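Only the coordinates and a few stated rules stand behind these numbers; no lab work does. For neighbour counting, all protein chains shown are included, and Cβ atoms are generated from backbone atoms with ideal geometry for every residue, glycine included.
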Amino acid sequence: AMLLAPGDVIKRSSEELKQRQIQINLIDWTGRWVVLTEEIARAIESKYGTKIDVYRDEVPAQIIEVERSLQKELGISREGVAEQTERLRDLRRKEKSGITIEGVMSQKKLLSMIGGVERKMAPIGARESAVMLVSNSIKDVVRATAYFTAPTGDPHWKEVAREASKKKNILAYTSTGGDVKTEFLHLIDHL
Amino acid sequence: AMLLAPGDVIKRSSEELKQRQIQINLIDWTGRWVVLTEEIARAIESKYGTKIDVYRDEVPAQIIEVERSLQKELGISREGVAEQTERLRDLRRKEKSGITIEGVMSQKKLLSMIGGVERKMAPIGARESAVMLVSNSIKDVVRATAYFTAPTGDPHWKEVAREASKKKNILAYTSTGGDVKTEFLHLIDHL
Amino acid sequence: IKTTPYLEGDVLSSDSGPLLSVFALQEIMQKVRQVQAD
Amino acid sequence: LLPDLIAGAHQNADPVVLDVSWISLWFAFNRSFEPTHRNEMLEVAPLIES
């Protein structure tokens, strides 16, 4: 299930495409926070799928201080809390021997600050979508099984459309009204 | 079960009529507090049926601070407490960077302050009362099945009484002593 | 009376096209030409 | 024709085969045929036949 689409559409929907795990092949035409210790970052990455960096005495930076509430929420062990507060004491001593720390302690604050949205409660299928690749290259026009069109234009889209319409058995979809991105996402969901 | 009554009686008993869910049709003749977050307001509205507004950085106002005791009493989750105290910290910072907050922590204080009385422990019927409408209009005199009279008077009540007494089969009730409102409420309960 | 639109590469169109009496002869002649292609 | 087709060895008659694609069946099931115009030469068939 391989689809061809205008380049601006994939450019605008790259985030959703990455979130739904379809690989992107496109041709162009012309401060973060860190966790005190690696264990908490690993736990939060496992829970939410969000990559988190680790503080390594680099520069005056902004530190995230996970609080007792989220410590209990994430199921963190006693040793993790102990090492977190040990690193906290080390930071206290370092800044007393003359960096900003935030004690985030609500789940919504952490979500609205950084990271990916939590997981929904449905059965997990083998794959999120039935499509593997959406591309905008003439080099793999024979690779495609269907294509999508929009009133928006690309300098190479006309030739690709001509070379794709020549296929004997290919599914063709066109969008005329509403939002192009919403229609494309609905199609990629139902295809 | 539709009733006709003098306008002053319904004017004086509008609160009870609204509380008992009978719709009012009448013709005339001539600072609040807010909750830190929407979740607590929604919970208290579900528990007591009292509409509560939400603080939105409007003006110097009066804030209700639900305390640990009522937090446990209302069955509030950990995240609700966390977000409440996060908003509290935000308010501390806002007023330190130069609004009144009250830490109500007894159930009776909250009841006597604002809101509706708690619920009684009886089986819940399909409907509170058997009557739907009490009105004071000649436009729906044929709508009524019974009417109530009192020594009190209205400029339109005499004509309505004459037009209602002409009905072949209509129940008539009159109050002579005691309190008019109490008699009317007892009648609307037993009818 | 016009046909429902059909996609021409990337643009919709509704032209009737060649007559059915003309299209048939072309197809038959093309099949025959394929017969004596060798 | 049909017994001849079953036998496989044609005699005194030869059909012609046209070739179509997979999606064509579905698209034909949805598209009808409306006879907008009649044949122009329909009025003069007997003369050319004779």
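Here A:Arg143, A:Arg162 are screened, and the one residue that is within 11 Å of another protein chain (Cβ to nearest Cβ) and either in contact with a helix residue (DSSP H, G or I) (Cβ under 9 Å, 6 or more places away or on another chain) or exposed (fewer than 15 other Cβ atoms within 10 Å of the Cβ) (or both) is A:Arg162. Taking the condition on the phi > 0 side of the Ramachandran plot and hydroxyl-bearing (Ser, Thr, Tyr), does B:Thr30 pass? Judged against the criteria, B:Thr30 is a match. Close Cβ contacts (under 7 Å, 6 or more residues apart or on different chains) running from residues in the stretch A:121-139 that are more than 18 Å from A:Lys18 (Cβ to Cβ) to residues that are surrounded by 11 or more Cβ atoms within 10 Å (Cβ to Cβ) and among the acidic types (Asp, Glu) comprise A:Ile138/A:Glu159; A:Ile138/A:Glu163. Residues that are in contact with a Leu (Cβ under 9 Å, 6 or more places away or on another chain) and within 16 Å of A:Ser77 (Cβ to Cβ) within the stretch A:35-61 comprise A:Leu36, A:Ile40, A:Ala43, A:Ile44, A:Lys47, listed in sequence order.
Looking only at residues of the stretch A:122-161 that are of a type in the set (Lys, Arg) and assigned to a loop (DSSP other than H, G, I, E, B), we find that the one that is nearest to A:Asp28 (Cα to Cα) is A:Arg143.
The residues in the stretch C:7-35 that are in contact with a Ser or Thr (Cβ under 7 Å, 6 or more places away or on another chain) and more than 14 Å from chain A (Cβ to nearest Cβ) can be counted, and the count is 1.
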